[PDB]
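Coming up, as C-alpha coordinates: structure 1 and structure 2, two forms of one and the same protein chain.
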Structure 1
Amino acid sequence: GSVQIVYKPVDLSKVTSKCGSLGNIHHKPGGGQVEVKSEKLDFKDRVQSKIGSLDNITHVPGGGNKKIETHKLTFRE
(Lines of atoms letter the chains of each structure in order from A and count residues from 1; the text may use other names and numbers.)
(Lines give C-alpha, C1' and ligand atoms only; values in the text may rest on other atoms or scores of the structure.)
Protein backbone atom coordinates (compact mmCIF):
# COMPACT_ATOMS: atom_id res chain seq x y z
CA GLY A 1 0.00 0.00 0.00
CA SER A 2 0.89 3.73 -0.27
CA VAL A 3 -0.29 7.10 1.15
CA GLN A 4 0.54 10.65 -0.06
CA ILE A 5 -0.68 13.99 1.43
CA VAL A 6 -0.07 17.58 0.21
CA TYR A 7 -1.03 20.45 2.54
CA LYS A 8 -0.36 23.78 0.71
CA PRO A 9 -2.97 26.48 1.50
CA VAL A 10 -1.97 29.88 -0.02
CA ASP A 11 -2.92 32.98 2.00
CA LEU A 12 -2.82 36.39 0.20
CA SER A 13 -5.47 38.40 2.13
CA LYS A 14 -5.19 41.73 4.03
CA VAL A 15 -6.84 43.51 6.99
CA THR A 16 -6.50 47.34 6.77
CA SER A 17 -7.76 50.70 8.13
CA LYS A 18 -7.54 54.45 7.31
CA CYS A 19 -8.52 57.39 9.55
CA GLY A 20 -8.34 61.18 10.06
CA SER A 21 -8.00 62.60 13.61
CA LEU A 22 -9.46 60.51 16.50
CA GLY A 23 -9.84 63.81 18.41
CA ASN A 24 -11.93 64.58 21.54
CA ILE A 25 -12.50 61.45 23.67
CA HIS A 26 -13.57 61.76 27.33
CA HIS A 27 -14.05 59.22 30.12
CA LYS A 28 -15.12 60.81 33.44
CA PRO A 29 -16.66 58.09 35.70
CA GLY A 30 -18.18 59.14 39.07
CA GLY A 31 -16.70 56.37 41.21
CA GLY A 32 -19.17 53.65 42.27
CA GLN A 33 -18.96 51.23 45.21
CA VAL A 34 -18.36 47.43 45.15
CA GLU A 35 -18.57 44.86 47.97
CA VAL A 36 -17.94 41.08 47.52
CA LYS A 37 -18.05 38.35 50.23
CA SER A 38 -16.92 34.69 50.08
CA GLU A 39 -15.83 31.78 52.36
CA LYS A 40 -13.56 29.44 50.24
CA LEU A 41 -11.98 29.36 46.73
CA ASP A 42 -10.66 26.21 44.92
CA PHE A 43 -9.49 27.23 41.40
CA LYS A 44 -7.97 23.80 40.64
CA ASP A 45 -7.12 23.80 36.88
CA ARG A 46 -6.66 26.44 34.08
CA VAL A 47 -9.06 28.94 35.74
CA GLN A 48 -9.00 32.62 34.74
CA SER A 49 -10.78 34.78 37.38
CA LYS A 50 -11.49 38.38 38.57
CA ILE A 51 -13.30 39.41 41.82
CA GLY A 52 -14.41 42.81 43.25
CA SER A 53 -12.97 44.88 40.36
CA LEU A 54 -14.19 48.56 40.09
CA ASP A 55 -12.08 48.97 36.92
CA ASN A 56 -11.88 51.66 34.12
CA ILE A 57 -10.30 51.42 30.60
CA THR A 58 -9.82 53.80 27.63
CA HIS A 59 -8.39 51.60 24.84
CA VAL A 60 -7.97 53.89 21.77
CA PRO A 61 -5.66 52.28 19.15
CA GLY A 62 -5.05 54.02 15.79
CA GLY A 63 -5.37 50.60 14.11
CA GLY A 64 -6.89 47.89 16.34
CA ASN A 65 -7.13 45.45 13.38
CA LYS A 66 -6.59 41.70 13.99
CA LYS A 67 -6.03 38.39 12.14
CA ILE A 68 -6.12 34.85 13.63
CA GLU A 69 -5.32 31.71 11.58
CA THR A 70 -4.62 28.05 12.58
CA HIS A 71 -3.52 24.92 10.65
CA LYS A 72 -3.50 21.18 11.65
CA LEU A 73 -2.62 17.75 10.16
CA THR A 74 -3.01 14.27 11.80
CA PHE A 75 -2.08 10.67 10.77
CA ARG A 76 -2.66 7.04 11.98
CA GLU A 77 -2.23 3.38 10.91
Structure 2
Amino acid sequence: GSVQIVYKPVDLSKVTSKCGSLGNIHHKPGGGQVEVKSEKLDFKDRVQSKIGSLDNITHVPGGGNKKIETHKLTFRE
Protein backbone atom coordinates (compact mmCIF):
# COMPACT_ATOMS: atom_id res chain seq x y z
CA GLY A 1 0.00 0.00 0.00
CA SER A 2 1.66 3.19 -1.29
CA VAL A 3 0.47 6.65 -0.13
CA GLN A 4 1.30 9.74 -2.21
CA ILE A 5 0.36 13.27 -0.98
CA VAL A 6 1.08 16.42 -3.05
CA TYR A 7 0.61 19.79 -1.30
CA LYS A 8 1.03 22.69 -3.80
CA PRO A 9 -1.34 25.63 -3.08
CA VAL A 10 -0.58 28.86 -5.03
CA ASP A 11 -1.47 32.44 -4.07
CA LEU A 12 -0.82 35.65 -6.04
CA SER A 13 -3.19 37.60 -3.70
CA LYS A 14 -2.64 41.32 -2.83
CA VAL A 15 -3.91 43.38 0.15
CA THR A 16 -3.42 47.07 -0.71
CA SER A 17 -4.64 50.66 -0.15
CA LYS A 18 -4.19 54.17 -1.64
CA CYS A 19 -4.86 57.46 0.17
CA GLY A 20 -4.60 61.13 -0.94
CA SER A 21 -3.88 62.57 2.54
CA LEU A 22 -4.53 61.54 6.19
CA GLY A 23 -5.68 65.09 7.21
CA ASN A 24 -6.09 66.76 10.64
CA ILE A 25 -7.06 64.37 13.50
CA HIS A 26 -7.75 65.61 17.07
CA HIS A 27 -7.67 63.17 20.01
CA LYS A 28 -8.86 65.39 22.93
CA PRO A 29 -10.78 63.27 25.55
CA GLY A 30 -11.58 64.73 28.99
CA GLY A 31 -9.55 63.45 31.96
CA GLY A 32 -10.95 60.09 33.12
CA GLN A 33 -10.76 58.70 36.68
CA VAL A 34 -10.33 54.97 37.50
CA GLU A 35 -10.59 53.62 41.08
CA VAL A 36 -10.39 49.89 41.90
CA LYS A 37 -10.34 48.45 45.43
CA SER A 38 -9.58 44.79 46.16
CA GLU A 39 -8.33 42.84 49.18
CA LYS A 40 -6.55 39.73 47.87
CA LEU A 41 -5.14 38.60 44.50
CA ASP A 42 -4.43 34.85 44.05
CA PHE A 43 -3.23 33.87 40.53
CA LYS A 44 -2.20 30.41 39.11
CA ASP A 45 -2.14 28.25 35.93
CA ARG A 46 -1.61 30.60 32.92
CA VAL A 47 -3.99 33.41 34.11
CA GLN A 48 -3.32 36.98 32.85
CA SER A 49 -5.08 40.15 34.10
CA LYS A 50 -5.24 43.99 33.90
CA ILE A 51 -6.52 46.24 36.76
CA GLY A 52 -7.05 50.03 37.05
CA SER A 53 -5.76 50.87 33.51
CA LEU A 54 -6.47 54.20 31.71
CA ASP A 55 -5.21 54.11 28.07
CA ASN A 56 -5.30 56.98 25.51
CA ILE A 57 -4.32 55.74 22.00
CA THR A 58 -4.06 57.71 18.70
CA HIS A 59 -3.09 55.06 16.11
CA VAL A 60 -2.99 56.58 12.56
CA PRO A 61 -1.18 54.14 10.17
CA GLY A 62 -0.73 55.33 6.54
CA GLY A 63 -1.50 51.75 5.36
CA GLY A 64 -2.53 49.53 8.30
CA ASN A 65 -3.20 46.51 6.00
CA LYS A 66 -2.77 42.91 7.31
CA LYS A 67 -2.57 39.38 5.80
CA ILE A 68 -2.62 36.09 7.78
CA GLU A 69 -2.06 32.59 6.31
CA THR A 70 -1.65 29.17 7.93
CA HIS A 71 -0.74 25.92 6.10
CA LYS A 72 -0.93 22.55 7.90
CA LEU A 73 -0.38 19.07 6.44
CA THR A 74 -0.65 16.35 9.17
CA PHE A 75 -0.06 12.57 8.75
CA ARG A 76 -0.51 9.41 10.95
CA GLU A 77 0.47 5.69 10.55
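Here the rigid core means the biggest group of C-alpha atoms that line up within 1.5 Å when the two forms are laid on top of each other. Residue numbering: structure 1 sequence, from 1.
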Discussion item. So, superposing on the core, is the move of residue 26 at the CA at least 2 angstroms between the two structures?
Written reply: no
Worksheet entry | Rigid-core frame, C-alpha of residue 42, shift of 2 angstroms or more between the two structures | yes
Practice prompt. Superpose the two forms on the rigid core, then give the C-alpha shift of residue 51 between the two structures in Å.
Written response: 1.5
Discussion item. Using a rigid core fit, what is the CA shift at residue 9 between the two structures, in angstrom?
Written reply: 0.2
